[PDB]
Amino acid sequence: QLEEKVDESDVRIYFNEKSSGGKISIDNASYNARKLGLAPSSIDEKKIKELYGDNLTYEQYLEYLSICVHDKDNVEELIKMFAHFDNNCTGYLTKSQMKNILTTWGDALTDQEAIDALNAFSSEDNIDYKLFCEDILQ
C-alpha cells in the first residue's frame, strides 16, 4: 500500500538515523519521507501534528508516510497554477515567471531553491512547464 511505493528497509534505516528516545520529529519524518521519494506539504505536516504532536513513535511515523503517498498526484494536477499564468496558452513560462510563482505563494520556496530547481531542469529561459512537472514527479 505504502510498500508498493517505497523500500521497506529504508523506512526503518532512515527512522533509526534520526530517532531520539525511540521517537522522530515531524521535520525529520518529512526529511525521511523525501529521501524515500515521497512529497509531503505543510498540510501533511499540520495533519500529523494534530493527531500526535511533534514527536512520532515508529508506528505513527509509518502512518505519516502513508499520508505522504499522494497517489493522486499527476501532471494534470500539478500544472494548474502554471497554466493559469500562461494566458496565451503557449505551454511555456519564463524562468522568472516560474520563480515568482514558486517563491510568492503556497509553501513558498526561497529564491535559491526555485532557481536551483529551474536550472536543474533546463539551461533555457523558456520552460515547458508540463515537462518540468513530469520531471519533478520522478
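In this text, residue numbers run from 1 along the sequence as written. Between two forms, the rigid core is the largest collection of C-alphas that superpose within 1.5 Å.
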Handout entry: in 6 other deposited structures of this protein, rigid core aligned: more displaced of 80 to 88 and 39 to 47 by C-alpha RMS
Key = 80 to 88
Exercise for the section: Superpose on the core, then say which of 58 to 66 and 71 to 79 ends up with the larger RMS Cα offset from this form in 6 other deposited structures of this protein. Expected result: 71 to 79
Fill in the blank from the handout: Mean Cα B-factor check, 74 to 82 vs 98 to 106, entry values; winner is 74 to 82
Handout entry: Stretch exceeding the other in mean C-alpha B-factor - 9 to 17, 126 to 134
Key = 9 to 17
Practice task
In terms of CA temperature factor as recorded, identify the highest of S42, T90, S66, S30.
Solution key: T90
Exercise for the section: Comparing against every modelled residue in the chain, figure out the third that the C-alpha B-factor of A117 lands in (lowest, middle or highest). Expected result: lowest
